[PDB]
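Chains as they are written, first to last, in UniProt numbering: chain Y, 11 to 126; chain D, 1 to 101; chain B, 19 to 88; chain H, 2 to 88.
Note that the Cβ used here is the ideal one computed from N, Cα and C, for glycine as well.
Report on the structure given below.
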Amino acid sequence: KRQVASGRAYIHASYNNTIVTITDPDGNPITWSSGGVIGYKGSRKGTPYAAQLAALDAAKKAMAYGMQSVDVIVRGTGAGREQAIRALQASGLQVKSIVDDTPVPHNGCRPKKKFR
Amino acid sequence: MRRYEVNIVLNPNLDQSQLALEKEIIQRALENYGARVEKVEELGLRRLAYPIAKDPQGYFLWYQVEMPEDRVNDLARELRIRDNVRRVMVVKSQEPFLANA
Amino acid sequence: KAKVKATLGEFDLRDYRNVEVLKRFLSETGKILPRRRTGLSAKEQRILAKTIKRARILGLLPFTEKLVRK
Amino acid sequence: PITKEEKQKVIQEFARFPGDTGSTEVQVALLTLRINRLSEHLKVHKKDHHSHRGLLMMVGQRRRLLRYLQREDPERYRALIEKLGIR
RNA sequence: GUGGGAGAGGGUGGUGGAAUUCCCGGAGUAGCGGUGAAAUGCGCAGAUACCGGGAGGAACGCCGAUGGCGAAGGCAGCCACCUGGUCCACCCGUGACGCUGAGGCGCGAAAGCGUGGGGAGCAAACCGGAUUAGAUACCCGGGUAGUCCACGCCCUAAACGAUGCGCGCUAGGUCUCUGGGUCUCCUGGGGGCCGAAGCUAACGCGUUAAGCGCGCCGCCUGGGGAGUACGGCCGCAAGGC
Ligand SMILES: [Mg+2]
Ligand SMILES: [Mg+2]
Ligand SMILES: [Mg+2]
Ligand SMILES: [Mg+2]
Ligand SMILES: [Mg+2]
Ligand SMILES: [Mg+2]
Ligand SMILES: [Mg+2]
Ligand SMILES: [Mg+2]
Ligand SMILES: [Mg+2]
Ligand SMILES: [Mg+2]
Ligand SMILES: [Mg+2]
Ligand SMILES: [Mg+2]
Ligand SMILES: [Mg+2]
Ligand SMILES: [Mg+2]
Ligand SMILES: [Mg+2]
Ligand SMILES: [Mg+2]
Ligand SMILES: [Mg+2]
Ligand SMILES: [Mg+2]
Ligand SMILES: [Mg+2]
Ligand SMILES: [Mg+2]
Ligand SMILES: [Mg+2]
Ligand SMILES: [Mg+2]
Ligand SMILES: [Mg+2]
Ligand SMILES: [Mg+2]
Ligand SMILES: [Mg+2]
Ligand SMILES: [Mg+2]
Ligand SMILES: [Mg+2]
Ligand SMILES: [Mg+2]
Ligand SMILES: [Mg+2]
Ligand SMILES: [Mg+2]
Ligand SMILES: [Mg+2]
Ligand SMILES: [Mg+2]
Ligand SMILES: [Mg+2]
Ligand SMILES: [Mg+2]
Ligand SMILES: [Mg+2]
Ligand SMILES: [Mg+2]
Ligand SMILES: [Mg+2]
Ligand SMILES: [Mg+2]
Ligand SMILES: [Mg+2]
Ligand SMILES: [Mg+2]
Ligand SMILES: [Mg+2]
Ligand SMILES: [Mg+2]
Ligand SMILES: [Mg+2]
Ligand SMILES: [Mg+2]
Numbered sequence: 011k012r013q014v015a016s017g018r019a020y021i022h023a024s025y026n027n028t029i030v031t032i033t034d035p036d037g038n039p040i041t042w043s044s045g046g047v048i049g050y051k052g053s054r055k056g057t058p059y060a061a062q063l064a065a066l067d068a069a070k071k072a073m074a075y076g077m078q079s080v081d082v083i084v085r086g087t088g089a090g091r092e093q094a095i096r097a098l099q100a101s102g103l104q105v106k107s108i109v110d111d112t113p114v115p116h117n118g119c120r121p122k123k124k125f126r
Numbered sequence: 001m002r003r004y005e006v007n008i009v010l011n012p013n014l015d016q017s018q019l020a021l022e023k024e025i026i027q028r029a030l031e032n033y034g035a036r037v038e039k040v041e042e043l044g045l046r047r048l049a050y051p052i053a054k055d056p057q058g059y060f061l062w063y064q065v066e067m068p069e070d071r072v073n074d075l076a077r078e079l080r081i082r083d084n085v086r087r088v089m090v091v092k093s094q095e096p097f098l099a100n101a
Numbered sequence: 019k020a021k022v023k024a025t026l027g028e029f030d031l032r033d034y035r036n037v038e039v040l041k042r043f044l045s046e047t048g049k050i051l052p053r054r055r056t057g058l059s060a061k062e063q064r065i066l067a068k069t070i071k072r073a074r075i076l077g078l079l080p081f082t083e084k085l086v087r088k
Numbered sequence: 002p003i004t005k006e007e008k009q010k011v012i013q014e015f016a017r018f019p020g021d022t023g024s025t026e027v028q029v030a031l032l033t034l035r036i037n038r039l040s041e042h043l044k045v046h047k048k049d050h051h052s053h054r055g056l057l058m059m060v061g062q063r064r065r066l067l068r069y070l071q072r073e074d075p076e077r078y079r080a081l082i083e084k085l086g087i088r
């Protein structure tokens, strides 16, 4: 209903899930998918397959609003962080660029014992 | 008296009425704190490395002065008062350490 | 690879204001390069660290950048 | 701090003769000037315990030179003390 | 003394960006989260993911090191003021003024205590979910004291180099920080590694001694009872010597 046809794709990849958002050039989102959006429920969502199908689910949802050009942004290390990218390139969406923007603190906040 | 270097970055949207006022304000503040000015370098519009005050550029000033040391931090306090003044960084002058000489 | 001090001129290591030359010591991200990549001495790198941090606060050198790859 | 302008003013005031930089009186003068610099710095900054250690070392060395002057020539000791207002 | 030098040494004020959390707005559906699997938890009052604006607190990525500084505890963004220690060159001055050090006094991580602040993240106790034969636990979701600041207490430690301090002497080689020099190198002052002589029960130490000597302090004399009992001093208490 928008006809954006150019914009950004954010891959949020953790060890428990891989989830993909697609926005317009200004950053405001359009559609999105994830490991849970497709049928997967538990630990399966943080798999490269779920990463693939999630990237492709949002990539077809963006075809509705007419997306062709896509700028990829990646945050987090995760299984299928790369597999969601590789899926995104073959989605028909012409991938403009790929950037890794994973936030790293300058040692500011005390992590949970899990990360200690 | 020791010798310092004053760095002042202000908002790069001023017309002349405000640019003169802002700098003749920096003169007035220096006078009251006893800063003899040895030399000045006015660079002006420079592309900043990151957004400062939502503005992608900044107007650059540099002064080399000699003043009493006890008064320096109250001079920093007096320059950052101005809304248009964004960065005040005052460094004690050092010898130009060369490398690959 | 080549080292930074090797392909350069005679410069002021203490000048926080010269961006054209200080940009040559940053990586693709804003990170300050190790001595193995700058070819500097123990005393020089310590001084460079401080001068780059000075330039970062004046908005001349970046704190961190975005890597365009992967 | 203590500039060499003020240093020389003291060394010339307490020298036993022109050119003397190391007399006991001159050392005890120069230590005492640093003592009074530090104890006024320590009236404020009470929580600075590392500078306080430097002071305990100066008093030890200042009282070690005075304990020496007392033994050899007790006159120059009083004329030094009465001139520095100590003890 | 003079003239130079390096440094997260200390105290005070100021300040910068990254990240977490919360609030506001924009946009946007059906889950997010989390684990070995999970569940409690959160989500249609619209979360997670994304863009922007704001508040607040704590810690400083890269530089960063086998590195530097300090007597030890310990010290890491940047700027300025106050300030301590230390090292080198000159061979200038005093003329044994030295060393150690029972007492005394000062310092003393973390935790804990008092009064008043502060409170983002983390997190004893605790509230739950799991696992389990049981779970008073590791794993998961929550969360108070506290961690942070001011002032005053507490005085412990694997407070470690398990090696008290100062000085003289006794092959070198090699890496390194930092001075000076006639700058393949020489010469100081630190920090590492091999190793002469020698010591050691052995492992190992070896110009940074655990070697050869001297001065002075501390301390030891089988394990359990026991750092307990009593007494004393100290502490608001926990408790300490
Ligand atoms: Mg999962
Ligand atoms: Mg993380
Ligand atoms: Mg990590
Ligand atoms: Mg990791
Ligand atoms: Mg860790
Ligand atoms: Mg301002
Ligand atoms: Mg000096
Ligand atoms: Mg410091
Ligand atoms: Mg909202
Ligand atoms: Mg519910
Ligand atoms: Mg708040
Ligand atoms: Mg490191
Ligand atoms: Mg040391
Ligand atoms: Mg230690
Ligand atoms: Mg100094
Ligand atoms: Mg002589
Ligand atoms: Mg003589
Ligand atoms: Mg004692
Ligand atoms: Mg303590
Ligand atoms: Mg504590
Ligand atoms: Mg308290
Ligand atoms: Mg928590
Ligand atoms: Mg917990
Ligand atoms: Mg069992
Ligand atoms: Mg033993
Ligand atoms: Mg012991
Ligand atoms: Mg050696
Ligand atoms: Mg040299
Ligand atoms: Mg050595
Ligand atoms: Mg042998
Ligand atoms: Mg050895
Ligand atoms: Mg020798
Ligand atoms: Mg020895
Ligand atoms: Mg005993
Ligand atoms: Mg037994
Ligand atoms: Mg017995
Ligand atoms: Mg037994
Ligand atoms: Mg026992
Ligand atoms: Mg006990
Ligand atoms: Mg008894
Ligand atoms: Mg008792
Ligand atoms: Mg009592
Ligand atoms: Mg108890
Ligand atoms: Mg106890």
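Legend entry - Proximal residues to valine 91 (chain D) (C-beta, below 6 Å), its chain only, five neighbours per side dropped: Here the set comprises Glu5.
Inset, instruction - Please check if any C-beta of chain D sits within less than 8 Å of the C-beta of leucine 85 (chain B). - result: Not closer than 8 Å to any Cβ of chain D, the Cβ of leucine 85 (chain B) fails to qualify, so no.
Inset, instruction - Spell out the partners DSSP gives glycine 90 (chain Y) in its beta bridges. - result: Note: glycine 90 (chain Y) sits in no beta bridge, so no partner.
Legend entry - Range covered by the alpha helix (DSSP H) that runs through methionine 67 (chain D): Where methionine 67 (chain D) is concerned, there is no enclosing alpha helix (DSSP H), although the beta strand (DSSP E) it sits in stretches over 55–67.
Legend entry - Separation of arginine 42 (chain B) from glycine 27 (chain B), as counted between CA atoms: Taking the straight line joining both Cα atoms gives about 12 Å.
Inset, instruction - Could you work out which residues of chain B lie near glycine 58 (chain D), taking near to mean beta carbons separated by less than 7 Å? - result: Result: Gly77.
Legend entry - Cα-Cα separation between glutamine 9 (chain H) and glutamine 63 (chain B), rounded to whole angstroms: C-alpha separation (whole angstroms): 39 Å.
Legend entry - Spatially closest choice to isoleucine 8 (chain D) from D:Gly34, D:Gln16 and D:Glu78, by CA coordinates: Residue D:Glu78 holds the alpha-carbon nearest to the alpha-carbon of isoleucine 8 (chain D) among D:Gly34, D:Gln16 and D:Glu78.
Legend entry - Euclidean distance between Cα positions of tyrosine 33 (chain D) and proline 68 (chain D): About 8 Å.
Legend entry - chain D contact for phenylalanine 43 (chain B) (CB, 8 Å cutoff): False, the Cβ-Cβ gap to chain D never drops below 8 Å.
Inset, instruction - Taking only runs that begin and end inside the region 55–81 of chain Y, name each unbroken beta strand (DSSP E) of 3 or more residues, in chain order. - result: Listed in chain order, there is nothing to give.
Inset, instruction - Under 8 Å between beta-carbons, which chain D residues line up against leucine 31 (chain B)? List them in chain order, please. - result: What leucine 31 (chain B) touches in chain D: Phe97, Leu98 and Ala99.
Inset, instruction - Count the other CB atoms, across all protein chains shown, that sit within 10 Å of the CB of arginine 18 (chain Y); report buried if there are 16 or more and exposed otherwise. - result: With 16 or more other Cβ atoms within 10 Å, it is buried.
Inset, instruction - For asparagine 38 (chain Y), count neighbouring Cβ atoms within 10 angstroms of its own Cβ and tell me buried if that reaches 16, exposed if not. - result: Taking every protein chain shown into account, the CB of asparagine 38 (chain Y) has fewer than 16 other CB atoms within 10 angstroms, so this residue is exposed.
Legend entry - Stretch pair the region 69–76 of chain B + the region 17–25 of chain H: three plus CB contacts closer than 8 Å: Cβ pair count under 8 Å is below three, so no.
Inset, instruction - Give a yes or no on whether the minimum CB-CB distance between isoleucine 21 (chain Y) and chain B is below 8 Å. - result: False, the Cβ-Cβ gap to chain B never drops below 8 Å.
Legend entry - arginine 82 (chain D) beta carbon near ligand 6 (any heavy atom closer than 7 Å): Yes, since a heavy atom of ligand 6 falls inside the 7 Å radius drawn around the Cβ of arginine 82 (chain D).
Inset, instruction - Using a Cβ cut-off of 7 Å, pull out every chain D residue sitting near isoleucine 50 (chain B), in sequence order please. - result: Chain D residues near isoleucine 50 (chain B): none, gap ~14 Å exceeds 7 Å.
Inset, instruction - Reducing DSSP to helix, strand and coil, say where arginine 2 (chain D) ends up. - result: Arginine 2 (chain D) sits in a strand when the DSSP states are folded into three classes.
Inset, instruction - Write down every uninterrupted run of the alpha helix (DSSP H) in the region 13–42 of chain D whose length is 4 residues or greater and which is fully enclosed by it, in chain order. - result: 16–33, all fully within the region 13–42 of chain D.
Legend entry - Other residues of its chain near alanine 53 (chain D): CB distance less than 6 Å, five sequence neighbours each side excluded: Result list for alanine 53 (chain D): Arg86, in chain order.
Inset, instruction - Report the rounded CA-to-CA distance for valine 37 (chain B) versus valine 22 (chain B), giving the unit in angstroms. - result: Looking at the two C-alpha atoms, the distance is approximately 15 Å.
Inset, instruction - Taking the CB atoms as reference points, tell me whether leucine 85 (chain B) and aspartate 34 (chain Y) lie closer together than 8 Å. - result: Contact: no.
Inset, instruction - Tell me whether the beta-carbon of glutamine 57 (chain D) lies closer than 8 Å to the beta-carbon of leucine 45 (chain D). - result: Cβ distance < 8 Å, so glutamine 57 (chain D) and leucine 45 (chain D) count as in contact.
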